[PDB]
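A.B. asks: Chains as they are written, first to last, in my numbering: chain Y, 69 to 312; chain C, 1488 to 1730; chain X, 127 to 376; chain W, 514 to 624; chain R, 13 to 247; chain B, 96 to 335; chain U, 104 to 344; chain H, 722 to 952; chain L, 215 to 443.
Beta carbons: idealized from backbone N, C-alpha and C, even for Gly.
Can you keep this structure in mind? I'll have questions shortly.
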Amino acid sequence: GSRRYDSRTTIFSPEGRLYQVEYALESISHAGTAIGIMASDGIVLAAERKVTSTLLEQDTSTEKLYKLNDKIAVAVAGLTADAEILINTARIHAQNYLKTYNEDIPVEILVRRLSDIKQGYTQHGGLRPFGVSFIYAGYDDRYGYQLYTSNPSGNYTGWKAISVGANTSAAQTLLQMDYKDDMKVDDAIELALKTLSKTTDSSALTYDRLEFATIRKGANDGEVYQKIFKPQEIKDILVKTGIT
Amino acid sequence: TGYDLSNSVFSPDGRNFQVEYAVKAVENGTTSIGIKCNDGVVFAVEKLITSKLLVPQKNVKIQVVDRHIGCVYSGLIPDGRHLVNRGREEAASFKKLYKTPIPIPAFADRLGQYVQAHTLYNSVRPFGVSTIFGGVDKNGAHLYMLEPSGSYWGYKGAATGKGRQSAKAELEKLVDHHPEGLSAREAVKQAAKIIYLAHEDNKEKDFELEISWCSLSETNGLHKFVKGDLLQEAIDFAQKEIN
Amino acid sequence: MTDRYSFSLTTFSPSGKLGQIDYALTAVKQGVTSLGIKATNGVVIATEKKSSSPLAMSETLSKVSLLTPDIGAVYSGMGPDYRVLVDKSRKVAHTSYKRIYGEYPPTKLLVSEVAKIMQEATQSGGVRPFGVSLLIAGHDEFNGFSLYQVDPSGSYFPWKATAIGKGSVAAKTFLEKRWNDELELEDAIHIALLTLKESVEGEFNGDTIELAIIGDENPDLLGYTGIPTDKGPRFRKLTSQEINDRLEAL
Amino acid sequence: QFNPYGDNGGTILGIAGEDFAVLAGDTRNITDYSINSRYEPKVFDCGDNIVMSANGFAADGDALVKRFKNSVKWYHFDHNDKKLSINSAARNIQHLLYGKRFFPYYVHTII
Amino acid sequence: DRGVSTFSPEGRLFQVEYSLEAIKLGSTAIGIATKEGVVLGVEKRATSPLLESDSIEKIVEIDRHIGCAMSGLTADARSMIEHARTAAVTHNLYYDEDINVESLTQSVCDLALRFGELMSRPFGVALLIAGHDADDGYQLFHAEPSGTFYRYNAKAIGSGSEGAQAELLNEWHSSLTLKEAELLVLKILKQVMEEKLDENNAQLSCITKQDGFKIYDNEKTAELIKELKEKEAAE
Amino acid sequence: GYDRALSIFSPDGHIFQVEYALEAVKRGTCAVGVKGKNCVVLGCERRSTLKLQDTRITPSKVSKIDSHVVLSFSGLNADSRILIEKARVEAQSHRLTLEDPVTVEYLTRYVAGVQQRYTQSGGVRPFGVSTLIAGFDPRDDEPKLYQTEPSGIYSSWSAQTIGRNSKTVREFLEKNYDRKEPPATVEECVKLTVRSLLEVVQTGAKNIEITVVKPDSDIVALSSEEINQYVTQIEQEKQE
Amino acid sequence: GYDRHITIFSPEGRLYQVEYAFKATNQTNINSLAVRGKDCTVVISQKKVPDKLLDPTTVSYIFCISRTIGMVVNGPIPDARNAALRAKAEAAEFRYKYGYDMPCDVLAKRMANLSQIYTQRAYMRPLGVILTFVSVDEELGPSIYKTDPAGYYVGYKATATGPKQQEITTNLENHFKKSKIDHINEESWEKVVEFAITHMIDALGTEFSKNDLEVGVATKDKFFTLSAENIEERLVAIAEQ
Amino acid sequence: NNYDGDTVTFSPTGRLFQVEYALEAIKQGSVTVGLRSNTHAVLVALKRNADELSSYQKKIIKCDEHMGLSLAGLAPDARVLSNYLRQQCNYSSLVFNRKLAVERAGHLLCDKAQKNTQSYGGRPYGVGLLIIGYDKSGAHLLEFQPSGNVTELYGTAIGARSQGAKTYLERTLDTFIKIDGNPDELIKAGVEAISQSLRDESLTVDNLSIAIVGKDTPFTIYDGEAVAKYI
Amino acid sequence: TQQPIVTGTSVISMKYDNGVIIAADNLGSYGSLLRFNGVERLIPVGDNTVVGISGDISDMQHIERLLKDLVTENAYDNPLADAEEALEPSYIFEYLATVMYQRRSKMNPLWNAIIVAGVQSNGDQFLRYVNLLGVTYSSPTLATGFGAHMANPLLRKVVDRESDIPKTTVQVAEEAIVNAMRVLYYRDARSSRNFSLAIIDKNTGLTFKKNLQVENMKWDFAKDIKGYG
Ligand SMILES: [Cl-]
Ligand SMILES: [Mg+2]
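See the structure below:
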């Protein structure tokens, strides 16, 4: 019957590894690099679009950075379509929590939920896992500014600075060298761009190949603003930091 | 290769090898025949006597559907029974909704579609039987034969099982020598002969003859078994023709 | 019976490739060339009507399809897969949007819904991916004119202009030289016809070319008068004659 | 409106002696002011030296007795032909009756 | 691959036969039936000295009149015990009586072949079910993952079974006392065990009509081990 | 639904998927449990391959199941969350119906039962997780420490370790832990637990986590500096 | 090599099971032809009764789907009858839901969509048949729409299907190149059947008796099949000029 | 070979190997004999023990007051099929106040076994059954094979070494069919028949299992000292 | 739950020495309207059973189709369908009784009162009643509806207890039934003159009489009756 054709996507190897999770991670290593850096007064999310064209409409394009609610955003590395399925689930989960408790969802609770969904695809159902890694940048009034990552295994961890996608080994070494705890957002912007500029497989880092976003308490008084940077605003921050 | 390991897989020829393998089970079975006569149909079958311990006349092979349709088959006997059970459900639902008993061509397609459905998926096995069936309806007598593929046609005469080539030749003679037609009583006699002649392919063990018929004049369009004096008369006629 | 294929038929290979998606893209590569160009005041989508037999009436086969009054689609790859996607895309525009908000979806969100359907054929049990790439052109009040490509994986990208299928690599180079941000719709149609001539072997006329625009509102195609705010569809398929007129000024 | 119950009349009587027991019942079956039958047995031998009667609505009574007789049969199959003791039969009947707690068998039962 | 419910060319179910191999790897369990009671005994087999051995529960109560000992993948036994306890109690609810030991065993064994593509595989554990009822007296059954159960006057399962069963062949007679049976289990366990037998790495239990199913204290078993040592040194 | 039997027997009587789940446990960071006379301590390894981590928000290795019981683990992190959630739900369900918090044995038995179920259910793989469950039963001052594994077997331990290089730290505990006289104080128990991890860990900096559980829902996690003082005192005595 | 057993993509972007279903199409060794008149649509098909024991009246690959729609099949009879029953059901359901007779081209699309599903879903195999639907549609007039195992369909001026389709196709192509019109300019359906038979004779190079052919005719508001004697009258008229 | 992985696959010669492998489980099972006259029908079954401490596995199961069977092969499958027969016999009694005909009981067993041979996931039954009964058309004996094939017979045997008992019955056919109104002589003939299949071992008091059903005889099983009379 | 619409009135029956007799009129009433004058309410099953039905006619026609299907089903794989394994009255009754009780227990009854009359294999007379509630009973005489109140008293004067059955001939029994049918025509407002009568005898088999009429009616005394006081 049908058993003949079943790949068995949810089994252990003899070494105790999940084949499909490992191979999904291999897929993600070829995706554009995404970086998250957390500062005292905010969080930066930077990400490199993959080998673009001059005929791609950039100002209406979004492949890397997505808004989950007013306080939480994600950077994507992997299959964009897979990410959008999860993103829409996460957006609903945030709204379900808001409806129930009349408070914005804490960042970790949203991350745990999405990570649990990913975990399920590794343990049951016989389906392939999602080929997506997320960087979550968010704020709540318990822990303040938070950076997390999740990967196809459904495991998640918290970070002061982190990369996903291509050249994470090289990127994580550069971040580990220049990152300090008393760092500010403007410095973290510069660090994120300098790291991408050195790790990129492209010849030079330009505005048309980048997506950029900040989460600042640079919002008038006791509140948090999300800024998804426009193409012209990425061009300006590249000149300001001295990369172009 | 590997195209013959799973049902419903087209080979590079455009063939379903699993259906063709089911035909081999049919060819391995005992001989069964059908003859279309002037106002009805006659069915007959070869039953191999494996042992003296078999109770004579008890292990009945021919099956009635509704009250007007006979069914006989060669191959895997349980598969035939399963198909007849379905046929009985189909004939029951038809009569429930439409009042009239199911017409024979209508009934033929019901079996045909069901057998064909068992060539569409790898989760099921094809039927290991060719089924000869028919009876009398409002438009007269009808004889059908249905294969493992789901294929069926109407017949003047039909035969399947191990002695089918022998039987087919004998049936073809009857068609040529009787263009005007054959009477029901004649067809019972001829059916006996053809099974006896087809028994040369299964000559090791002796056998038991079993005949049934539906005729407008002789059975009022109902399916009945040939019994007693009329069965013995047909055996005597058959035994006289082989000697 | 029962569908006993409850498991994925698209899986990651050791190298991180999703085999079935790659193979679907190969099927798209073999397909006939289609393109899209965006102007300041419109969008054009075009493809060759590769007729399988001259006895076939190629007008009865529509490669360029209306999805909503302001959104159109064309494809390269497996035609039957496209046809069912158009049916599903038309329906999802109503069920998940018009029946809720009382208006047709914007181009980017309908694309998003089509993408979702294509993604699910890449992960759900007992199915293969769709063997098509779509080019979806459309207009909506707040986003203006737009053009999107959708691949077998479910990934989608916006384009100023692009081409998919057989001679896409050569066609995209041709479009890069001709495209600017000051093109009027007629200029974009002219460029579309020039680009498409390169990939066509045989006859090149209004009967062998299928071309549609997303442009001005067509009140003449609405079917009724009396409501000032309803001004008609922006999707219009060009006629055989309308194509041939622009082939003389070529 | 349809009334699923009825009253078939009748009277039954059980008396336990020192080493015996009797279960008696009249043989008259009725509806309203009519006699249906002058001899319709109401007390039944159910096997294992147990006698039973379910008096009231005769349809429900016949149903219950039939199901209990069946319960004795399956007790034998499931427990190596063990004799069903009277106390065990009594507990088994409670569950048969309570299984229809929200649409009861309209009868008074005596074994 | 191949079906889970597949027959071998010899007419055996592959998965059932393989589960029997898992039971051979399990720790030894012995049962002996007498007219004075049925004794059940097990090898605990702690993997490390830091493991608190009294938490090793390989002898288990099903009802007051039925005990059970296990050998093999003992985690698989938990749902079997749960079902047995439920069946015993449920029958008492329905019939105001104790359930027959055979009927209880049969109910457990009905689970065994409910696997396919229900649970995904057979149980990897064998059970010795011991008990008393009024009809057939003191009984000992051996419940397998095949769904088959045999009654036994005495039986050993687990890694030392064929050596123990040969010893039970010689030693069992129809006049054995309960005390004689307790020593006999201890003797045969001591024979087949890797480590030296004491009150912390072996456990005794019994079922009598009067007192029902009892797991023996470590102090009580310790005395019976000392009684065994002396009577073997006596000749 | 997906029904495929992933956990099955092999000709030699082994269930490979359960055994390969144990190999995932072997890969996981080391976890250790030691019970004193009036406490239980849970030690856990943190691999220092990951710096630039935010330790405030990163999932901690020891999880409270109720106010009186804790659970640590070795193996797949994502898998452990599913067991922790189920255990937490069952803990509140038990309070709701029995009007008493779970015993440590009951909670262990429940978690182990879940692990077992995933070894003979269609369409599912076993949990790649072994757990150490520790605490005190309600109104009881006797310490409790249990272990579970992917197969679903469970048992009680005076002291136990699981995960990578657990063979080494079990070796240490087997010679250093006396049953007749367990660590009488919190200090002695924490010291022996840190000592056992120092056989395997690398640096004694942010690589050791310690959680002390005392009777009557008294659970506290030690900080970096508090643990660093134990690390300092151990090596100064060792220089001799 | 399990990409050849089920309907998943091969490395070349191909569906081998679909391709092999196309090969099953010619297993009957029967050729069909369809043409359009002014007022009618005619479909002819070869009839072969190899066994003398067969009842020749029951041997048929032309089906009456609805009152207006007819269907000829090229492929094995079980799959043919499968498609037929379904098409009949779909046509009846359409009329019930939408209050008018299902158009030929809409039924073709529906059956084509069903065929598409078998090329995408693994558990269902394709049917090894090519379905040629014919009618005189109330909006579009004389109509020929043909469906295949890939889920492809299109309208036709005329068409041919079978082992020798190419010979018939080119014969028809050459005729329509001369006349420069999309149909047979003829008043009566009788003469359109005579055209269809004549051009099949020319293309195949074989003569036909009354029992060697099978004919279906679609007019306004009915589709019907010709008897052997109706065909005989047709053959007599051909031979007399 | 390549065609024995599951029950849904015919071999190139039209064989169903999983069914044939299930048939093999019967041949490994212990011998059991069935025979009948016009008045009575008898089952005789050689029970098998695991060892000298173990009991002898029961071979005969009662289905109704007028019907029952003996088994050879997988005993749990016999329990499943006999339970199904018990239910069908019972349905016939409760609904139609009618004792289920033995022939119709065979037909039901055939159809139940068939469904397991044509569907994916399942497996064939691994047991053969000899059903005896007395109904409105007198005494009956049936032989069930898990292929689905059910056969009505005067006498038969199944299990290991069953060919010896089957040959004996084939010789004795004319004698034992005439044993009317004498239950003891019919059992004697069954015990003498099963003796032709013994090697090394002989019929002891806890080895032998006999059942009988007849004209004024409910289906009853004899074990232990109740069969010492026939040893 | 429904209400009966088109209805059939009394069915009456009794035992006699060698068999049973059953009868019922040929009317289908639509309330007070005597709508359908050619309705057969005695339905034979084989040559040994007659099922007489009163109450809702649509439900009767359903039961008629169930019995027709029961004969068909019994003949399947049954070489003795016309002999030892033919349908018995007791089988046909029990089946109906099961259905009637099941249908009342789903609160969707077949709105009928049924009498199954026949002769068994061993020659024993069979006569038993079942209704919409699943209530069953047997008696030497049985009747439904008005018949219960008027026919039974007359029929019980012939066969009062079991011991009167061997003493009652078929001539005496038929006479009693025909007189009862006349009494019901005098006194039941929903009855008709035309009726059917069936005899099932252990020797002479099943005799089915159609188009019988109530005759020898006394009306002459009406001419003398004047006013109301
Ligand atoms: Cl559709
Ligand atoms: Mg398919």
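Rounded to whole angstroms, what is the Cα-Cα separation between residue 729(H) and residue 131(X)?
C.D. replies: Cα to Cα, the separation comes out at about 16 Å.
A.B. asks: Once you ignore the five residues that flank residue 297(U) on each side, which residues in its own chain have a CB closer than 7 Å to its CB?
C.D. replies: 337, 340, 341.
A.B. asks: So, does the CB of residue 312(B) fall closer than 8 Å to a CB anywhere in chain R?
C.D. replies: Chain R, which has no Cβ nearer than 8 Å to the Cβ of residue 312(B), makes this no.
A.B. asks: With a CB to CB cut of under 7 Å and the five nearest residues on each side skipped, what residues in its chain are close to residue 179(U)?
C.D. replies: Same-chain partners within the cutoff: 127, 130, 131, 231.
A.B. asks: What would DSSP say about residue 185(R), mapped onto helix, strand or coil?
C.D. replies: Coil.
A.B. asks: Near residue 872(H), which residues of its chain fall below 6 Å by C-beta distance, leaving aside the five closest residues on each side in sequence?
C.D. replies: 864.
A.B. asks: Any beta carbon from chain L within less than 8 Å of residue 515(W)'s own beta carbon?
C.D. replies: Closer than 8 Å to some Cβ of chain L, the Cβ of residue 515(W) qualifies, so yes.
A.B. asks: Under 8 Å: do the segment 32-39 of chain R and the segment 82-99 of chain R share three or more Cβ pairs, one atom per stretch?
C.D. replies: Yes: the two stretches touch, three or more of their Cβ pairs being nearer than 8 Å.
A.B. asks: Compute the beta-carbon to beta-carbon distance between residue 1702(C) and residue 1553(C), rounded to the nearest angstrom, for a pair I have assumed lies under 8 Å.
C.D. replies: So it is not a contact: roughly 16 Å between Cβ atoms.
A.B. asks: Of all the CB atoms in chain H, is at least one closer than 8 Å to the CB of residue 312(L)?
C.D. replies: Yes, because at least one Cβ of chain H sits closer than 8 Å to the Cβ of residue 312(L).
A.B. asks: I'd like to know whether the C-beta of residue 194(Y) is nearer than 8 Å to at least one C-beta of chain H.
C.D. replies: For residue 194(Y), the answer is no, since every Cβ of chain H falls outside 8 Å of its Cβ.
A.B. asks: Is residue 213(X) near ligand 1, with its Cβ less than 7 Å from a heavy atom?
C.D. replies: Residue 213(X) Cβ: within cutoff of ligand 1.
A.B. asks: Contact defined as beta carbons within less than 8 Å: I believe residue 523(W) pairs with residue 541(W). What is the distance between those atoms, to the nearest angstrom?
C.D. replies: Their Cβ separation, rounded to whole angstroms, is 7 Å, which keeps residue 523(W) and residue 541(W) in contact under 8 Å.
A.B. asks: When the Cβ atoms of the segment 747-759 of chain H are set against those of the segment 874-889 of chain H, are three or more pairs found closer than 8 Å?
C.D. replies: Verdict: yes, contact present.
A.B. asks: Is it true that the CB of residue 229(U) sits closer than 8 Å to the CB of residue 218(U)?
C.D. replies: It is a contact, given that the beta carbons lie within the stated cut-off.
A.B. asks: Please list the partners that residue 807(H) has in chain W, where partner means a Cβ-to-Cβ separation under 7 Å.
C.D. replies: 590, listed in chain order.
A.B. asks: Considering only C-alpha positions, which residue in the set 153(X), 209(X), 260(X) is nearest to residue 213(U)?
C.D. replies: Per the Cα distances, 209(X).
A.B. asks: Cβ of residue 345(X) within 8 Å of Cβ of residue 363(X)?
C.D. replies: No, they are not a contact pair.
A.B. asks: Name, please, each residue of chain H whose Cβ falls closer than 9 Å to the Cβ of residue 583(W).
C.D. replies: Ordered by position in chain H, the residues that pass the 9 Å Cβ test against residue 583(W) are 811, 814, 815.
A.B. asks: Use the C-beta contact count for residue 181(R): other C-beta atoms within 10 angstroms, 16 or more gives buried, fewer gives exposed.
C.D. replies: Residue 181(R) should be labelled exposed.
A.B. asks: Per DSSP, which residues does residue 245(U) bridge with? Please list them.
C.D. replies: In DSSP, residue 245(U) forms a bridge with 239(U).
A.B. asks: To be precise: take each residue of the segment 249-264 of chain X, compare its Cβ to all Cβ atoms of chain C, and keep it if any distance is under 9 Å. Which residues remain?
C.D. replies: Listed by position along the chain: nothing, the set is empty.
A.B. asks: Near residue 245(Y), which residues of its chain fall below 8 Å by C-beta distance, leaving aside the five closest residues on each side in sequence?
C.D. replies: Nothing listed; no residue qualifies.
A.B. asks: Could you tell me which uninterrupted beta strand (DSSP E) segments, each at least 3 residues in length, are contained entirely in the segment 189-259 of chain Y, listed from first to last along the chain?
C.D. replies: With a minimum length of 3 residues, the continuous beta strand (DSSP E) runs that stay inside the segment 189-259 of chain Y are 200-208, 212-218, 224-227, 229-232.
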